[PDB]
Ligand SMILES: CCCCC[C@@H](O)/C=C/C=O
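Take a look at this one chain, the form solved without this ligand, written out in structure tokens.
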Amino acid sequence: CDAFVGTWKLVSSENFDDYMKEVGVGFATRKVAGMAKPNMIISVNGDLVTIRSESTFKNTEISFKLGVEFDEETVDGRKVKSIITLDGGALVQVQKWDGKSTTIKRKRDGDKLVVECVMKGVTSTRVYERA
């Protein structure tokens, strides 16, 4: 919860394009998405957590209660069912759509925020620092 609050800027990315290919994102969308380098803004209000990502391409925003399933529209256009829980100090998100699923983990590492995405074995890691 609290350790995640703030504005974060992307510093490094690994295998993100490979992850998007596994998810099924198209060539053009993968291209613009990779050039965008969106930030990440996390805030909490009562029991609702909000994660916002801003970029010149598209801004996305989700507000949720930890443990309650909700509808989410991803940056690449998928309409998925999402659920986010707090486990071992990390935010663990599972997205499900058309019989498929992917996991997105957000955790703290030193003074950084690390996002790890997994799709059928393919793993991508993105590191952020406080802006």
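Note that residue numbering begins at 1 and tracks the sequence as displayed.
One more form of this protein, solved in complex with this ligand, exists but is not displayed; see below.
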query: Site test, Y19, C117 and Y128 vs this ligand in the entry with it bound, non-hydrogen atom cutoff 4.5 Å; finding: yes
query: Distance check, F57 to this ligand in the entry with it bound, heavy atom within 4.5 Å; finding: yes
query: In the entry with it bound, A33 touching this ligand (heavy atom, 4.5 Å); finding: yes
query: 4.5 Å heavy atom contact, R78 to this ligand in the entry with it bound; finding: yes
